[PDB]
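# Inside the fold
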Amino acid sequence: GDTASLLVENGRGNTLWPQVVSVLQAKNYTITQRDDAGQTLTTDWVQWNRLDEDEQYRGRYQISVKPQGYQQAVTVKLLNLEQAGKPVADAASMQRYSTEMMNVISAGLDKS
């Protein structure tokens, strides 16, 4: 409801994390903390630009990579959801935003 789960094939999760950092910076998204060894990072207020998005969105994301047997997975937790400074508790919206970041991660996964 507030967390997206990305399955990473070919054990690319070990190479994905640093690509996520690179892509985040490429999108001009500030990262507040990062940990290569623990493959975990936390972002600052991320503003998206959907075609039907008029209001300024803000809120943070926690991205943590976890091993899953012979494959990897990425946990993307939505830390905050504010539309024009208005907290939205709607789980559907939160899911949509949590997967909006996952989509950016999967873009870097395709590159890897």
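The record names solution NMR as the way this model was obtained.

### Digging into the overall build of the protein
The secondary structure content of the protein amounts to two helices and seven strands. Listed by position from the N terminus, the elements making up the protein come as β-α-β-β-β-β-β-β-α. On C-alpha atoms alone, the protein measures out to a radius of gyration of 14 Å, which is about the 13 Å that the 2.2 N^0.38 rule sets for 112 residues. Based on the C-alpha atoms only, the size of the protein along its principal axes is roughly 40 × 25 × 25 Å. Counting only contacts in the protein whose residues sit at least 6 apart along the sequence, the fraction spanning at least 24 positions is 51%. Of the side chains in the protein, 11 bear a positive and 13 a negative charge, and the two mean positions are spaced by 3 Å.

### Let's talk about the nonpolar core
One finds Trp48, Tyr61, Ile63, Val74, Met101 and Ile105 to be the most contacted residues of the largest nonpolar core, which totals 28 residues. Residue assignment for this core shows that the elements contributing at least two residues are strand 1 (3–8), helix 1 (13–26), strand 5 (61–68), strand 6 (71–78) and helix 2 (91–111). It is helix 2 that provides the largest number of residues to this core, a total of seven residues. In this structure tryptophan 48 touches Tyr29, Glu53, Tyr57, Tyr61, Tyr97, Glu100, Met101 and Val104, once residues within four positions along its chain are discounted.

### Some remarks on the side chain of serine 98
Among the secondary structure elements, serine 98 is positioned in helix 2. A distance of 2.7 Å separates the side chain of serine 98 from the backbone oxygen of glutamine 95, its partner in a polar contact.

### Looking at the sheet that holds strand 3 (residues 40–43)
Strands belonging to one sheet form pairs held by backbone hydrogen bonds; the direction of such a pair is parallel or antiparallel. Spatially, 1-6-5-3-2 is the arrangement adopted by the five strands of the open sheet, whose pairing is antiparallel. Two strands lie at the open edges of the sheet, namely strand 1 and strand 2 (31–35), each paired on one side alone. Taking each pair of neighbouring strands and ignoring which way they run, the sheet shows an average axis angle of 15°.

What counts, and at which threshold
- Residues numbered from 1 in each chain as written, not as in the entry; some residues may be left out.
- Heavy atoms only, no water.
- Helix = DSSP H or I, 4+ residues; strand = E, 2+ residues; numbered from the N terminus.
- Rg over C-alpha atoms; globule rule 2.2 N^0.38 Å.
- Contact = heavy atoms within 4.5 Å.
- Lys, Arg positive; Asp, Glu negative; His and termini not counted.
- Charge placed at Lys NZ, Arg CZ, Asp CG, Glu CD.
- Core = buried A, V, L, I, M, F, W, Y, C linked by side-chain atoms within 4.5 Å.
- Buried < 20%, exposed > 50% of the residue type's maximum accessible area, 1.4 Å probe, protein only.
- Polar contact = N/O pair within 3.5 Å; in protein donor to acceptor, adjacent residues only side chain to side chain.
- Pairing = 2+ DSSP bridges.
- Axes fitted to C-alpha atoms, helices over the stretch in contact; angles between N-to-C directions.

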